[PDB]
Structures are given as structure tokens and as C-alpha cells.
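Heads up, the thing below is written out as C-alpha cells.
All of the numbers you see were taken from the coordinates with simple rules; none came from a lab. Note that each Cβ is placed from the backbone with ideal geometry, even for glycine, and that neighbours are counted across all protein chains shown.
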There are 2 protein chains.
Amino acid sequence: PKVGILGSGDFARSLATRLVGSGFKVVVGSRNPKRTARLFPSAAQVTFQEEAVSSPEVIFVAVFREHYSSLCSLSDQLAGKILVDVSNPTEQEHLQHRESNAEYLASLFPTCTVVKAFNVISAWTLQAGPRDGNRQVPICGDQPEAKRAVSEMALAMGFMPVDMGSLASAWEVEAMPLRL
Amino acid sequence: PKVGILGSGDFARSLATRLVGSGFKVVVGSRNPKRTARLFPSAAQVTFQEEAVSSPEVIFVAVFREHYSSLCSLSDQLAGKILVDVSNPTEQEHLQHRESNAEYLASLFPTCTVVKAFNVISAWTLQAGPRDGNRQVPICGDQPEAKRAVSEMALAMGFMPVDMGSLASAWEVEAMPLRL
């Protein structure tokens, strides 16, 4: 309660399903909430981006890297919040960009704290799996409190968080293969 | 409009999502609609079994074979309706039972007409895939009008129905491997 999600896609929608099933209150920020709401779990509140980010302490950024900067107008509402970078870049993206997606996201929102998590977990594993016991999510980032909040949430969702250290480890974590 | 689904599980929930995304009005019958509704797409109307099966012409039976007979008290409401058997039996189940699940279901509800379809399609393919591009659903059963109704529905969902003939083909169709 309340956990935030920015995005409207398969991953957003699977995250929301897992969070709702794990007893969290979920608020989703979408550009087209009317259309997006129809497919999302009823227990999730799908709303406009600016309204979705205002309440939660932890916000999953479930959009592609190319659309990160499109969230910049939310900066004032997001200040001091935890942002979770869940992105699973392609091999080419990984090698093309000097910084990790997580670090790029941190640079866009310097008043937020970024945690890398959930990139190795498939959308269907969120929906169906993992199952409520046993499957490892690598976590990093620069703030201990933020990492613990996301780790506890990972635990509540049935995953097993694995601390990979500071946000500088996000690049290596982003190379880890999607399972499976 | 309206298409019915009996059951509460990952497959039910994925079917509902695909149908809603394809412009159908969906009604779900669950024993625990309050709890079940929370995870289902918002556009689906989740309700009690008896109420769920009263309005639709086509009802997807998305429960395990062992629970088919538990639906017998719905017989009066289900009379003359099309039932879709989507079950994907294990190899052991397939070999253990002389008749196909679809034929078993037909035996339980003689005033209904059964169509075998969707057993080869994974829950994630329903959620995410197939894409809206092709991929092949085997269909059979004994009534041409019923098969056409389910085929149009398959097409609207972005699948490609493949006629496998009468319901006596269901056993062979039930042996077909599940596709990711």
C-alpha cells in the first residue's frame, strides 16, 4: 500500500497482478487510463500518470528506456521517491549505452533514488509463477533503505532478493539473462 | 458479447484478458467472485456460477476435468448452449481415460453442444501473444454452427482456427503438445 507502477504494457500489467495477489494496494499511471484499466486487474487503480505517482513511496518504472524522459514532467511529484528500474535491455542496447538504464534513470531524476530489480523475471513468472516460493531477484542501488523496501516487497511477492551492491552494479545486472 | 467463462484460474484469467482485448463482453463464473474479481481484468464481470452462465451463448469451461461434474447443478441454465472444452490433459490423464475430456463433458451436459478448442494455446500466449498475427487453433465437435461460432471468436482473438472434424477427433487433439 500503495505501490505505484508507471506503464500500461504486459510487464506493468503482470507486476500489478502479482502485487495485488500479494496483498499490496496498487496504483497504475497510464497515458490512456480508460483503455488501460479494462485489461488490468480490477483491484489495481489505473489512473493518469500525474495522479498515479503522487501517493506511493515506491514506483515501478515499467516503460522502455526510450520513454524514460517522457516522464520528466512528473519530477516535482516524484521528488524523494523510490524508482524501480525493471528494464531488460537487448544485448545491443546493453552494449550501445555506456551507462545502465538504471543509472540513466537516476540521472533523469536526481531527487529520487533508483533501485534495479526484476529485470531477470519474465512477465509470465510474475503472473503465474514463481510460484510463491524460491526465485532469485538480483537487486542493487546506492541507498540501503530503498533496497530493503524493494527486497521486502520481493519477499512478499514470493521472490528471493539477492543483493548485488551499489547502483554501479546495475550494468552487470542488466546483462543477466531473462528467465526463461 | 457476452461470452462466458467458468473458472477462476490462470487460464480463465488469460482467456478473459484476450477476449476483453478483442472487443468481447466477458462474464466469469466463480465460486468466490469477490476474491476472483480482484485479479481479473476490470472489463470482465466476475460473478457467481449460476448468474455467469445465464446470459452467454458460448461458455468456456476453464476448470480441470476432476471439477466438471461439480458444474452439474448449472444444467438447467446451460441447456442448449455451446460449451468449449479447453483442457490440456497430462500424458497420463490422456492415456487413463478412454474418452476425451471433451466427450466426457458432452456426456455430462447432453442438452449442450461441445467444442474442443484452445488446448494447445498457453495462458501467456492468450495474455501476450499470439500476437494478433496467426497461430493455429485446432477445433472440433459435432455441430457446424457451434464450431463456426468458436472459430469466429478465435479469429477475432488473432488466432487461426483449424478444423479437425467431429468431436470424436477430440482425443487426438487432446494429445497435441502445448505451445509456448
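Data for the structure
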quantity: Search result, residues across segment B:140-153 that are surrounded by 15 or more Cβ atoms within 10 Å (Cβ to Cβ), assigned to a helix (DSSP H, G or I) and free of Cβ contacts under 8 Å to residues at least 60 places away in the same chain; calculated: B:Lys147, B:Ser151
quantity: From B:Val173, B:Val162, B:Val137, residue being surrounded by fewer than 21 Cβ atoms within 10 Å (Cβ to Cβ) and among the β-branched types (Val, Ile, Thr); calculated: B:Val162
quantity: Conditions (1) within 16 Å of B:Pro177 (Cβ to Cβ); (2) under 16 Å from the mean Cα position of the chain (by Cα); (3) more than 14 Å from chain A (Cβ to nearest Cβ); (4) not hydrophobic (A, V, I, L, M, F, W, C): number failed by B:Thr125; calculated: (3)
quantity: Residue in segment B:154-171 that is touching a residue at least 12 places away in the same chain (Cβ under 8 Å) and under 13 Å from the mean Cα position of the chain (by Cα) present; calculated: yes
quantity: Residue ID - farthest from B:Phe40 (Cα to Cα), chosen from residues in segment A:43-53 that are crowded, with 16+ Cβ neighbours inside 10 Å and not hydrophobic (A, V, I, L, M, F, W, C); calculated: A:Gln49
quantity: Residues of segment A:9-39 classified as more than 12 Å from chain B (Cβ to nearest Cβ) and either over 20 Å from A:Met153 (Cβ atoms) or assigned to a loop (DSSP other than H, G, I, E, B) (or both), total; calculated: 3
quantity: Within segment B:128-158, tally of residues that are farther than 30 Å from A:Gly129 by Cβ and either within 14 Å of another protein chain (Cβ to nearest Cβ) or not polar (S, T, N, Q) (or both); calculated: 11
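Per-residue answers, yes or no, for (1) aromatic (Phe, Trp, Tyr); (2) more than 16 Å from B:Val20 (Cβ to Cβ); (3) surrounded by fewer than 19 Cβ atoms within 10 Å (Cβ to Cβ):
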| residue | (1), (2), (3) |
| --- | --- |
| A:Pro1 | no, yes, yes |
| A:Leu6 | no, yes, no |
| A:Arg13 | no, no, no |
| A:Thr17 | no, no, no |
| A:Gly23 | no, yes, yes |
| A:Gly29 | no, yes, no |
| A:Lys34 | no, no, yes |
